[PDB]
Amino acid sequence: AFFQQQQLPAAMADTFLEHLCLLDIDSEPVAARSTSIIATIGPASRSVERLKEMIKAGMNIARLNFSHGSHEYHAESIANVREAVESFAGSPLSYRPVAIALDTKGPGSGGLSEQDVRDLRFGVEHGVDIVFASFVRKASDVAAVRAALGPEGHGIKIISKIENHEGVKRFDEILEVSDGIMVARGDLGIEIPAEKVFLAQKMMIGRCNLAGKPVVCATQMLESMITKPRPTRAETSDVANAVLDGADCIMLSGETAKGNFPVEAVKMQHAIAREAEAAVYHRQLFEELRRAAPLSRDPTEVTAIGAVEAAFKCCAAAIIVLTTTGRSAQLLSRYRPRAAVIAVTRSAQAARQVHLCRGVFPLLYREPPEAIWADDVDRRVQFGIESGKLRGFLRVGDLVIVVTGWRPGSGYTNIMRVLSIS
């Protein structure tokens, strides 16, 4: 029965063609949904009660579009998101972190606009986790956004939105200085011929997967759900294909900001992403990611590939990783393991931001610290196991891969262990 679920017959195929031939509508997804859902918060999804339903439906990142509303309006939305999120902190083995992303208005006819400088300052003051920088055309646009975030906003992730021909042509220099990319198909579909957007999307997703950096697929994914309770056949296909292309995140704009079915749109993206993640041909994907990833003498990078290889060898239910900044979880995520990457962190901000990396399930550690650092690490690993059991990721008898470091502090990941559950 285990080998009939999660498209495992299609996963064992010797060619991509045979893998497609073996895809089965009766093979149910079992693994947790790996692709994060970004929901735009607006009039239809602002209330605390509505936000609780959206968190339960699967929203991982709340996007505030600074092209609309005001600072007062967006601060109220942020407060409602935080109130809805913290309303679940009662059960420590089930709490779900939710990131807050600020999407800028953009430069318009002009460097960094004066409104963007003020909105970026608002983001820093309100503790946003991510900035989706509109109309990034070159590396210097990213540097300007980074400067406007100042010294207090050093830890904020900058996801550059590629929205025009110049951004596509200068993609490599933009990706080099950004934390990640957003394929902003709305403007891209007006800036370049509409029939070429899929080439830009597939190229950028492939290059971000190669670089090990997050990539978001955005705009009109479930557009008809703004007024209708069910999406079109093209819309479900678009969501599934963004996941199969390799997108770390999928986004909802008007579907959640102003539409009549915000919760249903999140549930639809969740249901499609789960099905599409099981349909990924890991045999080819892992081999290609492995071959293309450069040789490295960084112990975190070396441990990450060893851990992902070990996870595939035993059909590991999860890879539990201890991380301060999210980096060790990101390096595991770049190899696209089928095993969930359960990231146990004390940083509330890192827990929110690792939603940008596919297959990373953040757990915020809130238990008393042990006197012995070796015993503290073991408590954090046991926390990951207990949360995993409660959430359905793990069961007694499962094998897990545990990734830890040799000394406290960020940058010292170097250990992989094979653990049997209970």
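Residue numbers here begin at 1 and follow the sequence given.
Item to check | Deposited but uncoordinated residues in the residue 110/residue 111 interval | outcome: According to the record, 1 to 3 deposited residues lack coordinates from residue 110 to residue 111.
Next on the checklist: When the Cα temperature factors in the entry are averaged, is it 314-322 or 74-82 that ends up higher?
Outcome noted: According to the entry, 74-82 carries the higher average C-alpha B-factor.
Checklist entry - Once you work out the mean C-alpha B-factor for both 170-178 and 273-281 from the entry, which is higher? => result It is 170-178.
Checklist entry - Between 150, 193, 246, 294, which one tops the list for C-alpha B-factor in the PDB entry? => result When the deposited C-alpha B-factors of 150, 193, 246, 294 are compared, 150 is largest.
Item to check | Which of 37, 32, 377, 357 ranks first by CA B-factor in the deposited coordinates | outcome: So the option with the highest C-alpha B-factor is 377.
Item to check | B-factor third for the C-alpha atom of residue 120 within its chain | outcome: It falls in the top third of the chain.
Checklist entry - Going by the entry, which third of its chain does the Cα temperature factor of residue 287 land in? => result It falls in the bottom third of the chain.
Item to check | Ranked C-alpha temperature factor of residue 415 among modelled chain residues, by third | outcome: For residue 415, whose C-alpha B-factor we compare with every modelled residue in the chain, the answer is the lowest third.
Checklist entry - According to the PDB entry, is the CA B factor of residue 327 in the bottom, middle or top third of its chain, that is, lowest, middle or highest? => result According to the entry, residue 327 has a C-alpha B-factor in the chain's middle third.
Checklist entry - In terms of the chain's CA B-factor thirds, is residue 26 lowest, middle or highest? => result Lowest third - that is where residue 26 ends up once the chain's C-alpha B-factors are sorted.
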